[PDB]
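the amino acid sequence is not available; the structure is as follows:
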RNA sequence: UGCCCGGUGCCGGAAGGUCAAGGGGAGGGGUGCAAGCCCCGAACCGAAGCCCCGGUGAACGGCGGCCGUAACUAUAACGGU
Ligand SMILES: [Mg+2]
Ligand SMILES: [Mg+2]
Ligand SMILES: [Mg+2]
Ligand SMILES: [Mg+2]
Ligand SMILES: [Mg+2]
Ligand SMILES: [Mg+2]
Ligand SMILES: [Mg+2]
Ligand SMILES: [Mg+2]
Ligand SMILES: [Mg+2]
Ligand SMILES: [Mg+2]
Ligand SMILES: [Mg+2]
Ligand SMILES: [Mg+2]
Ligand SMILES: [Mg+2]
Ligand SMILES: [Mg+2]
Ligand SMILES: [Mg+2]
Ligand SMILES: [Mg+2]
Ligand SMILES: [Mg+2]
Ligand SMILES: [Mg+2]
Ligand SMILES: [Mg+2]
Ligand SMILES: [Mg+2]
Ligand SMILES: [Mg+2]
């Protein structure tokens, strides 16, 4: 079980520079999902929970 | 060649507590007609030892447990008890 866990951990990104999926450039009000990829402009509405947008389009 | 002198040992301590014989003799008893004779007997004085106060490990010896915590993981330098 631990062996399968370490397989996950070492295959689990790094939370680092250039390892990412979103911009919250709140200095020009975008939140971009670089993967499908959409561009909502109503930023502090995403933090409210409008994730449906990205999710529904990211399930392709 | 570390840390622990609380227990044991040894060392030191004219205080204090306890402490035997002995000293003392408040008081009581037996007997005698009596002087007397004889027997218990409190306070208090009275050593070492022990208690008590310290020291001492190349003296006898003894040198822990639980819980949480770091780059998604393991561990825990760190903390709590
Ligand atoms: Mg607001
Ligand atoms: Mg000792
Ligand atoms: Mg000792
Ligand atoms: Mg000590
Ligand atoms: Mg012994
Ligand atoms: Mg002595
Ligand atoms: Mg004195
Ligand atoms: Mg004395
Ligand atoms: Mg006497
Ligand atoms: Mg006497
Ligand atoms: Mg006498
Ligand atoms: Mg008398
Ligand atoms: Mg009589
Ligand atoms: Mg008489
Ligand atoms: Mg003495
Ligand atoms: Mg030693
Ligand atoms: Mg020595
Ligand atoms: Mg011992
Ligand atoms: Mg020894
Ligand atoms: Mg952790
Ligand atoms: Mg973690």
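Structure's in. What do you need? Numbering: from 1, shown residues only, chains lettered A, B, ... in the order given. Ligands and ions are numbered 1, 2, ... in the order given.

next one: the residue nearest to the spatial centre of chain A from residue A:50, what distance?
The centre of chain A sits closest to residue A:21, judged by CA atoms, centre = their mean, with a distance of 4.3 Å. Using CB to CB, to the nearest Å, residue A:21 is found at 16 Å from residue A:50. Just so you know, the C-beta spots here come from the backbone N, C-alpha and C atoms, and that holds for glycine as well.

check contacts around residue A:22.
A:31-34 (CB atoms under 8 Å, 6 or more residues apart in numbering).

my bad, residue A:19
The contact partners of residue A:19, by CB under 8 Å, 6+ apart, come to residue A:13.

name the SS class of it, please.
coil (DSSP: H, G, I helix; E, B strand; the rest coil).

what parts of chain A come near RNA strand B?
A:2, A:5-6, A:9, A:12-13, A:15 (CB under 7 Å from any atom of the strand).

what's the closest residue to RNA strand B within chain A sitting at in phi/psi?
The nearest approach of chain A to RNA strand B comes at residue A:9, 4.4 Å away (CB to the nearest atom of the strand). Backbone geometry at residue A:9, expressed as degrees, to the nearest 10, gives phi -60, psi -50.

so how many other residues sit close to it?
Neighbourhood size, residue A:9 [other CB atoms under 10 Å]: 7.

do residue A:18 as well
5.

ok, residue A:33 next?
Neighbours around residue A:33, by other CB under 10 Å: 19.

what segments of chain A are helices?
Ranges of helices in chain A, per DSSP state H, are A:2-9, A:43-46, A:52-58.

go through those and name the closest to residue A:25.
helix A:43-46 (8.6 Å; CB to CB).

buried ones in that closest one, by neighbour count?
For helix A:43-46, a neighbour-count test (16 or more other CB atoms under 10 Å) marks A:43, A:46 as buried.

who touches it?
Contacts for helix A:43-46 (CB under 8 Å, 6+ apart): A:24, A:26, A:29-31, A:40, A:53.
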